[PDB]
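See structure below.
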Amino acid sequence: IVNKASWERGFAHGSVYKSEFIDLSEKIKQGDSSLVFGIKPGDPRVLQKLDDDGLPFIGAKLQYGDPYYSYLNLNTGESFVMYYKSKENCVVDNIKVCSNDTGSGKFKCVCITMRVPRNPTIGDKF
Amino acid sequence: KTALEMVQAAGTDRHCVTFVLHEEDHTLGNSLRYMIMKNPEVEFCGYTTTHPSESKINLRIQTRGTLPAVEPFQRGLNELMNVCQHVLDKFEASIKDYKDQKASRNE
Amino acid sequence: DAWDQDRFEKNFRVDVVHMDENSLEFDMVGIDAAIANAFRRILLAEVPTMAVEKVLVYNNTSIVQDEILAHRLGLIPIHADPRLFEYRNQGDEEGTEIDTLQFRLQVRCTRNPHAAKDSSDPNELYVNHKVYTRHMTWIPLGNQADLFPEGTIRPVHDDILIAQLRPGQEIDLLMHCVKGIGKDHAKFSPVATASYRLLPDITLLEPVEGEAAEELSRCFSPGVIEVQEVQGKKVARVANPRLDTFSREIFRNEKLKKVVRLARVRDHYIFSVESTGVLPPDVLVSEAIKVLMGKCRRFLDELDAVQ
Amino acid sequence: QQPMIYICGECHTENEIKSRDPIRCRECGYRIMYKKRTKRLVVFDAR
Amino acid sequence: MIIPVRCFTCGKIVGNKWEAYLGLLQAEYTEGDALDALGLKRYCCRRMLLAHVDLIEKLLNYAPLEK
RNA sequence: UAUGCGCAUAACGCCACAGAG
Ligand SMILES: [Zn+2]
Ligand SMILES: [Zn+2]
């Protein structure tokens, strides 16, 4: 048994930080090797929900079905959007953007880290 | 919107009725149980909370003769209110007695 | 035996022990555990206060992250009078002058340009590196600035450390205070703790003399046993048994566990109400009695509406 | 209007990155860049 | 990480007592005497400040802007 | 088959580690 009022104050509150490494070469293998994160400007699928680089804001929350990232094909013009498929509401923590080993890589590797709250509920183990 | 349910028994006697008091817990329930058990015309009285997920109490009152068990419930409510009014008067008079004795003994 | 109101009003009395700001010890004599526990439970969880509910962050570059900082800010007591406000309705995201308060916290840490002198303490190197509770600025909405004098709506304690910054980092947010009872969330609870204990009566079943009096004086809390030199020999007597904490250490002394009797005085309570600072604690006890009167009046109105 | 600022991991200088240009810091050439947090309203409950 | 605003067990405001506690301990008080001089009478309040490990000063050595 | 709005996208095994009861 845990006191409710201790739990409502800060007793054993937590978090879990999930880091999802998104690579447009490795997963999104459609061809032409020219995918970059970004939005087609004027897209009603990403309005005020992803930033102008097709990548969520850092304060932002993510419910189910929210736009998770957007990437556009540069040799075509078509922009795609990917949706957030996890069932837990998270808050974006940071987004780091990666090059290759030379500093010549293009804007296609990213690593979103999200915070899931996870305060103690009924059914948690102490 | 209705906070109070009166559940008579299968008999239509109205001498054994369970009172369901919504949005309520051990505070009013135990104080009412204390004040209704002071009635001589009450055979049985107890309360219980139905489940922790719910917020209501069941309160049983069984009377002896021809009075229904609504009259001890209403009398126990009025008697508990009169108790709390007298406790309020005594407490405020004592606090006012403390604040006058203290403010004059340092001056 | 029926409920005799006159016998209750003869035997009931309240004795105030100590009252300052934010603490109150008093006695209730001749009341039952049902009603005394009712008062204790009302003070814990049903006297309403004002507390932060929604936190609208704009920028938060600190390391105290956002959902943690919101809970952090909800646990701060807001020195408002909760009796002048109302419950915000179900589904009102925008609260009016009646039922909400607004506080703006907007602190930016910058490096101290001058007078650093290559030192090491943060109080000289940085400015606004600790975000305290005096940084919360009340934003009056509606006509609350005329209804409340200046410096009345504020937090109770300024110097509760909210967060801690470094140069470049910034906390920019806006808080909404609503009214609620501590049954809902513990942030609404107006008391540090409110509790009682029955008064102990220590009696001596046999006169205790000599070194046994000193053992008796040490087997209790400091103050209850006055050992005194009447003839030059020492005898023990109970003097202010309120100080005893029931450590029951006299029941380990094999010789002296037969000469005392520890019991409690039935229906003699010693309350202690420690306000957090939202209201004075005597006002909290008055409102806690009025809450139980309101419960009784609620169900009497239900009975009269059925009839 | 409102450029996308990224912060280098080492030198912490602010970097604007478009879609087609190679990502590396314009000063020190470092490979990891953190996205800048900008002012935008998010609502939390104090609970 | 950072000093809790309230005690966990009872709701006593303990968040405004961390710098006072450090200033009492640097003034050569015993930890029991420094907890007495803050009015922490129940041991629930008293372990909140006695056992607090303040990870935010270690966690701000990695402060990013360093400017 | 699932999601989103009849339409668009996504449609898996084998080892090895780690864990729960
Ligand atoms: Zn760099
Ligand atoms: Zn405590």
Side-chain angles (χ1 to χ4, degrees), chain A residues 1-4 6-7 10-98 100-101 105-126, chain B residues 51-53, chain C residues 67 91 93, chain D residues 4 17-20 23 35 40-45, chain E residues 1 55:
Chain A
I1 303 300
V2 169
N3 193 1
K4 186 176 185 289
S6 293
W7 168 69
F11 182 72
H13 285 185
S15 295
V16 56
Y17 295 16
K18 304 198 272 81
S19 296
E20 174 67 26
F21 186 77
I22 295 163
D23 193 356
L24 294 178
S25 297
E26 193 267 329
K27 293 182 266 75
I28 311 298
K29 183 58 70 178
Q30 301 296 321
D32 191 78
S33 177
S34 178
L35 297 175
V36 166
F37 293 106
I39 56 171
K40 187 189 287 184
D43 193 358
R45 290 174 291 136
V46 297
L47 78 168
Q48 287 85 19
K49 292 182 288 293
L50 295 177
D51 202 356
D52 293 331
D53 51 354
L55 204 60
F57 297 99
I58 276 181
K61 292 184 178 182
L62 287 172
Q63 288 87 20
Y64 185 77
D66 292 334
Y68 182 54
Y69 60 94
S70 174
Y71 65 99
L72 85 169
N73 194 358
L74 269 300
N75 291 320
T76 295
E78 287 180 352
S79 70
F80 301 96
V81 72
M82 192 66 67
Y83 292 98
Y84 183 71
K85 295 286 101 179
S86 181
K87 298 298 295 295
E88 285 173 346
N89 300 323
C90 65
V91 177
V92 177
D93 182 69
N94 58 356
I95 297 172
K96 68 184 78 173
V97 195
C98 306
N100 54 359
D101 297 335
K106 290 175 72 176
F107 181 52
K108 69 179 178 64
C109 292
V110 89
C111 181
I112 304 172
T113 299
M114 297 164 288
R115 290 192 302 270
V116 184
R118 299 291 178 88
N119 293 322
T121 59
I122 303 302
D124 292 340
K125 194 186 285 185
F126 287 28
Chain B
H51 196 274
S53 297
Chain C
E67 69 271 16
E93 290 181 351
Chain D
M4 296 299 110
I17 275 90
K18 297 185 287 185
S19 295
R20 290 180 178 87
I23 170 160
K35 189 175 179 179
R40 193 181 57 86
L41 179 67
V42 185
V43 179
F44 292 93
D45 52 349
Chain E
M1 179 182 173
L55 286 315

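As a basis for the values below, the full set of heavy atoms in this structure was taken, side chains included, without hydrogen atoms, waters or symmetry mates. By convention in this document, chain letters (A, B, ...) are assigned in the order of the sequence lines, proteins followed by strands, and residues within each chain are numbered from 1.
Note on ring orientation: taking the six-membered ring where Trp is involved, the planes of A:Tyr84 and A:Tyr68 are tilted (angle from 30° to 60°).
Nucleotides F:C5 and F:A10 are separated by 16 Å at their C1' atoms, to the nearest Å. The same atom, P, is picked in F:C14 and in F:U9; the two are 29 Å apart, to the nearest Å. One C1' atom belongs to F:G4, the other to F:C15, and the distance between them is 36 Å to the nearest Å. Nucleotides F:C12 and F:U1 place their P atoms 15 Å apart, quoted to the nearest Å. For the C1' atoms, the distance from F:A8 to F:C17 is 39 Å, rounded to whole Å.
In this structure, the side chain of A:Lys18 does not engage the main chain of A:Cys90 through any donor-acceptor pair within 3.5 Å. Side chain of A:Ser70 to backbone of A:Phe80: a donor-acceptor contact under 3.5 angstrom is found.
Heavy-atom contacts from other residues, nucleotides or ligands closer than 6.0 Å to CG of A:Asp101 number 12 or fewer. Crowding of D:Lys18 atom NZ: a count of heavy atoms from other residues, nucleotides or ligands under 6.0 Å not exceeding 12. More than 12 heavy atoms of other residues, nucleotides or ligands shown are found within 6.0 angstrom of CZ on A:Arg45.
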Contact list (N/O, under 3.5 angstrom) for nucleotides 19-21 of chain F vs protein:
| residue | atom | partner | partner atom | Å |
| --- | --- | --- | --- | --- |
| F:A20 | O3' | A:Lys125 | NZ | 3.1 |
| F:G21 | OP1 | A:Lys125 | NZ | 3.3 |

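Residues C:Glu93 and D:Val43 are not in side-chain contact: their nearest non-hydrogen atoms beyond the backbone lie 4.5 Å or more apart. For the pair A:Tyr71/A:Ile22, no side-chain contact is recorded, criterion being any heavy-atom separation below 4.5 Å from C-beta on. Contact check for A:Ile39 versus A:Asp52: side-chain heavy atoms found under the 4.5 Å cut-off.
For F:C7, the paired nucleotide is F:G4, the pair qualifying as Watson-Crick or G-U wobble because both relevant distances are below 3.5 Å. Across all strands shown, F:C15 remains unpaired; no Watson-Crick or G-U wobble contact has both distances below 3.5 Å.
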Reading nucleotides 2-17 of chain F from 5' to 3' and marking B where a protein heavy atom lies under 4.0 Å of the base, S where only the sugar-phosphate is that close, and - otherwise, the string is -S------S-------
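Judged by the sign of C1'-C2'-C3'-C4', the furanose ring of F:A11 adopts a south, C2'-endo-like conformation.
Base stacking between strand neighbours F:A16 and F:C17 is present, with six-membered ring centres closer than 5.5 Å and ring planes inclined by less than 30 degrees.
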